[PDB]
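Read through the structure below, which is laid out as structure tokens, and then see the notes.
The numbers here are math on the coordinates, done by the rules we state, and not lab data. Cβ: placed from backbone, ideal geometry, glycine included. Neighbour counts: every protein chain shown.
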Amino acid sequence: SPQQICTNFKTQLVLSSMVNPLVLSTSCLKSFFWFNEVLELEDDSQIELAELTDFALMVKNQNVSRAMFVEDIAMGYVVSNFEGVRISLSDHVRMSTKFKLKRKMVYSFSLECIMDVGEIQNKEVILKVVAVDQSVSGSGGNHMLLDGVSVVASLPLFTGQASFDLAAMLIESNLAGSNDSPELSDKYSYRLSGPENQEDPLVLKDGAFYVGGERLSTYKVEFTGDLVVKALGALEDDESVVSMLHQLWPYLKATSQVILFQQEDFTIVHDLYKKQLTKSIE
Amino acid sequence: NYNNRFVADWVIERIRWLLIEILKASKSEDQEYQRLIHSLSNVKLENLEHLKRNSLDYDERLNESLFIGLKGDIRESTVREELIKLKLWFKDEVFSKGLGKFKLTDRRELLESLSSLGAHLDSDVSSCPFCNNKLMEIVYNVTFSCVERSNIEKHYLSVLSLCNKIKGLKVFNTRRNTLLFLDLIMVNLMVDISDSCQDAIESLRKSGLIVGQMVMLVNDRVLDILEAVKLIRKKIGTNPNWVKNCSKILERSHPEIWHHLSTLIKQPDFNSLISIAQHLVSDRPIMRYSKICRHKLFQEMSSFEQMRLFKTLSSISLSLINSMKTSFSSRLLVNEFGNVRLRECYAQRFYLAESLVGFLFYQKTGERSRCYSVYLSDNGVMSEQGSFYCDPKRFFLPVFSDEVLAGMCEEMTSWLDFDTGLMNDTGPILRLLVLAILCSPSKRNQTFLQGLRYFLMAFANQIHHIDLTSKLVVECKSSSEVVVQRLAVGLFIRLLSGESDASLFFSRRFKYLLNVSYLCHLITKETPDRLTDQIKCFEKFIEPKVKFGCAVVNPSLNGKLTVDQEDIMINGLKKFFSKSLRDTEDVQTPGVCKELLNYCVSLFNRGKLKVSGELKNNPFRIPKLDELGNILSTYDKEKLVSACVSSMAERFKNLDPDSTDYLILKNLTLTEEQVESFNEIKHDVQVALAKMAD
Amino acid sequence: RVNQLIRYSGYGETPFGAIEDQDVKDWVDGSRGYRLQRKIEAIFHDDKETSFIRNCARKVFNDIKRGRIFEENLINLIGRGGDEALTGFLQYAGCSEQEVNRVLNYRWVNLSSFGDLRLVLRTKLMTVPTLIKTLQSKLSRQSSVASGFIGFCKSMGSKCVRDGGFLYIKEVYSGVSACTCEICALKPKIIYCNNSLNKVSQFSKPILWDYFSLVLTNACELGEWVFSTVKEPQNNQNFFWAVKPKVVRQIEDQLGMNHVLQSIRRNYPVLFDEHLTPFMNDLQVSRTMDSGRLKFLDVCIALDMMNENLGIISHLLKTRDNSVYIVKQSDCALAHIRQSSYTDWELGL
Amino acid sequence: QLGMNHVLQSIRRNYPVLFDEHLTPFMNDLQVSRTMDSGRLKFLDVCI
RNA sequence: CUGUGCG
Ligand SMILES: [Zn+2]
């Protein structure tokens, strides 16, 4: 029953983090057994918050921690502060267009495209084109650079409706004088070239995201009273039990799923006698 | 196979098939036909029905000498009262007369018998193990002289490695002058080192690797610097170009990989050599060839010196096994009663302490037992430690087992932790016993320990044979077995002197004594002398048959026996089956009575035993014999020399370099016997090439 | 003693070498693979990368026994070498480039990389993986120890290691650079880092790959209980008593004949044709499906192929030969407790 | 998708005799299908 | 064919 396994993975990830902080990379996700998300060939339903990131794990990204906030749509509602540069003959047209794309959430990115056209010089009228190629570069996540490659073809630049302001301007910059569908990436990769990277690792400690030591948000999960107790059993050692039961009630303060009824189930919980832990939080 | 290189390897089988078809179609004797038809097949157990089984007028005499008393149909109750009568007779003719074969233990008298047989009272040896055995004397002296008391050396060892690697290429086709060249390099680098840094010959060399005018060379050979200058004096004037010829030869047709930038071409200045020689006075070794005990009373020794004694023993064993590994094809520069002076002997080094180092000097190389001399060097002063004579092959175990034996000691002693005070007098005794066993490897010691195991088996139990004590005594030689035997019997007595019956903590005592007896496995089992070993093997092989009197002289080797041979053949067969069931004289001679065989066979046939003949799954579904153990056989040597000589004749289609010997190394694959055989076959092939040359 | 004996020959002590020091009563229910794994684990004081590789091997075993659908592609991936195969295992299990350039930092020198140590010893006069030799031996049907060791030392100082070319050992051990970057110092002369072997890199293989291979071997050998972490516990020298092995096998323990032959024919026909079964007339019984595709023999056959120091298949088709072990309560008191919770982590059903 | 050189490896593995004769005399690129061109498909092993 | 070390 996909929902039950979903909440079971949720509780497994919550309680595994309950002992020590960890990063949400493939090292700490794919190393857990539960992992029925690549199962369920009809994968219409998912858990909740992580529904974003695992949507890429079905294609196995080599990422550490992307800033997934598609709830604030980054593909749409994008600033169009775009421009262009001159050319450098090798007819050969070489251009380098740099943009400062942002997102709906708190984010920023700079994306530059290097484009080369091999064309034929015209006699008088316009031009004669043969072949065109482009290459992307610069910062941008799996959604940010997709945004960039989508907007680079949706711009009043050369491609579109003319908008070729020649005016003997770019020739004057090139010749010194003062007289008168490349969408095959769809990934996190910076398109074979980009700036420095590998910083800002997110760590997860108490069900709350910590980008560098700051709390971002915490989600919800139930514990019934049977899954929690049966998951309390051994692991390998005892101070893990100490930490997890010391931190469970603080997480319970953010949840209202008080469904652990009082019966001998409480005693089978109590088997691991830790009274002052469960009375400390209060 | 009948294959060859002249046919298309598909016609010979057809020819054979047609030939056999023709021969089976018609003929024209008896065996010739079958042999010829059997020799043309390809592949073909029991059921040899085609055999003739012909007689030669001798099978009968075998038959009535073997199959006259055999019936195998005797009924059962007759066997019953025959056995009843036999037992009744046996009871009152041989058992009441005291002619039995087994008896009760009577433990005490067994203890006095053991003490009499083991503990020697008529011997003149002293009760002091260290000074009865030479090796233990030497190791005691070393350990009690040791307990109570910088890039020059590494550069020296590196150049030793360089020269010792380059010597193995034998690129000069000569040996004596090659060693002369190496020692010339050695003295040149001596005088190069000693030109400056005056605190190197007296400080980093005396405490490093040198003794009185005795400097190590290549091939673990130590040579006297005096004779070094004396030999360098020659080859000058007679052929002053010699060193020059040694200089251009290391560049062309040479590996040309050397660090001898200047230490080689320099002329040796003899004044520096003689100054170095006169710097050090002569303390030349003696190597004593061919009475008061003050030996520290090992029984009153601390619990520290014994492990260091074992460690020194291990170091000496490693030095001995390193001396094993010295080169065989080595000849000294100058050849050599009761005191022989050493000037060009071989030496090995072993390490004890930060300043003092031990040296083991020996004169011959090879594989077998030799004589060695142990010396020490504390701070450049060379002292006398001793000399001995032994076979290094029997010292492989203690090479590094200086810790496992100790652990064995404390664990075996702690086996007896039930009584406080029994460990104190048994621990050191056991350790001394182990030390003596390791330092004196011989067959006699392990045979004596086996006799102890049998003695323990008889004592701890109740009934034993009457001929037990006679199989426990072994004659003693060299006065080294007496001490180990005394230690063993003393341990046995001390553990079993008093009330030691099977009504107390006796199982662990039995275990401890059994392990003491099994300590015999420490000695390696590899026949100290082999020739005497075939002597004894043949001796005990042929003694019983000569005693019986049926060992005939060389037969025809083809199936014909002379009249005397067959006569004594039948005589031996009759004597084998000429034993009665009443006479007690024949109780140790080989033979058996046909009557009791009839009894047993008849009783077994009629399903009376626990098993019967109701079997299932019916059963009917190039070395030379004259020399065993030799590495090579005469047939093999002849085959190899013939192959080599044929190959060399074929290649001569003159001139032949030493590469012919390479062929010897190609078809052969070395120990001393291996290299002697290789030298012999090299000799043979060389004079073979010589005779074909004429 | 044996470690000193082999070191004296100039070979140099290695992470496997001889039998490990500081062992425990757990010679029972443990083969050569288990003690070698124990030695490797004891090499590292604080087990973090070994624990990570054990989790990787646990995941691989979980998905190779019944999980997902897998196997017979590891046959492809392992045959290349040590580095690429281990990496590929990592992203099949889940890793990062940081793992790739972090785990592969621990390297050890393997002199028998381009083959075997050439040598001639004091043998009797006149006279390819070892697994093939073991199969050949199984299908078919005066020298002194002192002189044997003497010949060993003799042959061990000559041009023995092979490259490309024959050369000595000492230049191999002197080509290493003593960088001492706090990662090649916790176990001297055993493990080195990547930049410490830039001068000579042909004889350089990772050790975590070997540890992973042995972990998978133990998974095929004696169960999945070797995946947990060792925990330590919290007698008159005379209390002897008997122990039975407590091994659980998930490889169809019976393991009759003619099962390895079909697997090696299927996966490596070239190795099956030459160097294998010329002398056989009953090929047909193993030819027409003599129980092909065993529970785990298909995957645990290539690890004995690639690594020449396992000796597992030749170990597999033999009796324990002991079936009982005498021990004292004194040694049982301090024996390490290594029992694993379920790899499902037992919440599954 | 069911690319080429997948049935050939299966028929070689299961029936080497049928693979040897009556099959692939006229082929020079055996190696691509020989060194694990995706052996042991999802169901082609049984439905062959 | 072709050994240099137990500090
Ligand atoms: Zn004395």
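The figures follow:
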{"quantity": "Unsatisfied cross-links (Cα-Cα over 24 Å) in the set B:325/C:133; B:325/C:124; B:103/B:610", "calculated": "B:325/C:133; B:103/B:610"}
{"quantity": "Size of charge dipole - chain B - debye, nearest 20, with Cβ of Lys, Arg +1 and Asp, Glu -1, no other charges", "calculated": "700"}
{"quantity": "Positive-end extreme of charge dipole, region B:563-635 - chosen from B:584, B:612, B:622 (charges on Cβ)", "calculated": "B:612"}
{"quantity": "Per-selection Rg to Rh, region B:540-694 - Cα, Kirkwood hydrodynamic radius", "calculated": "1.28"}
{"quantity": "Prolate/oblate/rounded label for region A:1-42 (Cα gyration tensor, a/c 1.5)", "calculated": "oblate"}
{"quantity": "Pair residue C:198, residue B:686: separation of 7 Å Cα→Cβ label points (nm)", "calculated": "5.5"}
{"quantity": "Along principal axes, Cα extents of region B:419-520, largest first, whole Å", "calculated": "41, 36, 19"}
{"quantity": "Estimated distance in nm for a label pair at residue C:119 and residue C:182, the labels positioned 7 Å out from Cα along Cα-to-Cβ", "calculated": "4.0"}
{"quantity": "Cα gyration tensor, region C:242-308 - rounded (a/c under 1.5), prolate or oblate", "calculated": "prolate"}
{"quantity": "Highest-first arrangement of B:368-381, B:597-610, B:250-263, where packing means the average Cβ count within 10 Å", "calculated": "B:368-381, B:597-610, B:250-263"}
{"quantity": "Karplus-derived 3J(HN,Hα), 6.51/-1.76/1.60, for each residue of region B:67-82, Hz, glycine and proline x", "calculated": "10, 10, x, 9, 10, x, 9, 6, 6, 9, 5, 4, 4, 4, 7, 5"}
{"quantity": "D_trans [Stokes-Einstein, Kirkwood Rh over alpha-carbon pairs] for region A:56-163, 20 °C, 1.002 mPa s, µm² s⁻¹", "calculated": "136"}
{"quantity": "Whole-Å semi-axes of the ellipsoid equivalent to region B:429-588 (Cα gyration tensor, √5λ, descending)", "calculated": "44, 24, 11"}
{"quantity": "Tensor-based shape of region A:210-251 (alpha-carbon gyration tensor, a/c under 1.5 rounded, otherwise prolate or oblate)", "calculated": "oblate"}
{"quantity": "Simple Cβ-charge dipole of chain A, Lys/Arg +1 and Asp/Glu -1, about Cα centre, in debye nearest 20", "calculated": "480"}
{"quantity": "Two-site FRET efficiency, residue B:518 against residue C:238, from Cβ-Cβ distance with R₀ of 22 Å, rounded to 0.05", "calculated": "0.65"}
{"quantity": "Shielding by other protein chains, B:394-402, mean Cβ within 10 Å", "calculated": "3"}
{"quantity": "Dipole of chain B [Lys/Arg +1, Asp/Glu -1 at C-beta], most positive-end residue of B:339, B:48, B:280", "calculated": "B:48"}
{"quantity": "Calculated SAXS-style log₁₀ I(q)/I(0) at q = 0.12, 0.22, 0.25 Å⁻¹ - region A:155-240, Debye, Cα scatterers", "calculated": "-0.81, -1.16, -1.20"}
{"quantity": "Modelled FRET efficiency - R0 41 Å, residue B:234 with residue C:173, Cβ distances, 0.05 increments", "calculated": "0.45"}
{"quantity": "Region C:175-328, dipole about Cα centre (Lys/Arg Cβ +1, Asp/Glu Cβ -1), debye to the nearest 20", "calculated": "400"}
{"quantity": "Residue-averaged beta-carbon neighbours from other chains (10 angstrom radius) around C:94-106", "calculated": "3"}
{"quantity": "Förster-model FRET efficiency, 30 Å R0, residue C:289 and residue C:112, C-beta, rounded to 0.05", "calculated": "0.20"}
{"quantity": "Per-bin percent of Cα-Cα distances, region C:54-162 [5 Å]", "calculated": "2, 8, 11, 13, 13, 14, 11, 8, 9, 7, 3, 1"}
{"quantity": "Value at 222 nm in deg cm²/dmol, rounded to 500, when DSSP H runs of n ≥ 4 in the protein assembly as shown each add -39,500 (n - 2.57)", "calculated": "-11500 deg cm²/dmol"}
{"quantity": "A:66, B:175 arranged by Cβ crowding within 10 Å, fewest neighbours leading", "calculated": "B:175, A:66"}
{"quantity": "Residue B:91-residue A:198 pseudo-label distance in nm [points 7 Å out on the Cα-to-Cβ vector]", "calculated": "10.2"}
{"quantity": "Count of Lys pairs (Cα-Cα under 20 Å; at least 8 positions apart or interchain) in region B:225-314", "calculated": "10"}
{"quantity": "Dipole-positive endmost among C:125, C:234, C:73 within chain C (Cβ charges, Cα centre)", "calculated": "C:125"}
{"quantity": "Chain B: radius of gyration and largest Cα-Cα distance (Dmax), Å", "calculated": "37.0, 109"}
{"quantity": "Over region A:1-116, equivalent-ellipsoid semi-axes from the Cα gyration tensor in Å", "calculated": "40, 16, 15"}
{"quantity": "Proxy reagent accessibility, fewest Cβ within 10 Å first, across B:270, C:239", "calculated": "C:239, B:270"}
{"quantity": "Separation between Cα centres of region C:24-63 and region B:560-578, rounded to whole Å", "calculated": "73"}
{"quantity": "Ordering of A:52-58, B:685-691 by burial proxy (mean other Cβ atoms within 10 Å per residue, highest first)", "calculated": "A:52-58, B:685-691"}
{"quantity": "Size of the protein assembly as shown as Cα extents on the principal axes (Å, biggest first)", "calculated": "136, 105, 98"}
{"quantity": "Sites matching chymotrypsin sites (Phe, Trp or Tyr not before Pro) across region B:485-557 that sit in DSSP coil, with at most 13 neighbouring C-beta atoms within 10 Å", "calculated": "B:505"}
{"quantity": "Chain C: C-alpha pair distances exceeding 39 Å, %", "calculated": "20"}
{"quantity": "Kirkwood-based shape ratio for region B:92-149, expressed as Rg/Rh from alpha carbons", "calculated": "1.41"}
{"quantity": "Per-residue mean of C-beta atoms belonging to partner chains within 10 Å, peptide D:35-46", "calculated": "3"}
{"quantity": "For region C:122-154 versus region A:246-282, the gap between their alpha-carbon centres in whole angstrom", "calculated": "67"}
{"quantity": "Scaled radius of gyration (Cα, divided by 2.2 N^0.38 Å) that region B:90-198 gives", "calculated": "2.58"}
{"quantity": "Straight-distance crosslink candidates among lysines, where the alpha carbon sits under 24 Å from residue C:187 and sequence neighbours closer than 8 are dropped", "calculated": "C:39, C:48, C:170, C:199, C:205, C:231"}
{"quantity": "Total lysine pairs whose alpha carbons fall under 24 Å of each other in region A:143-282 (8 or more apart, or interchain)", "calculated": "16"}
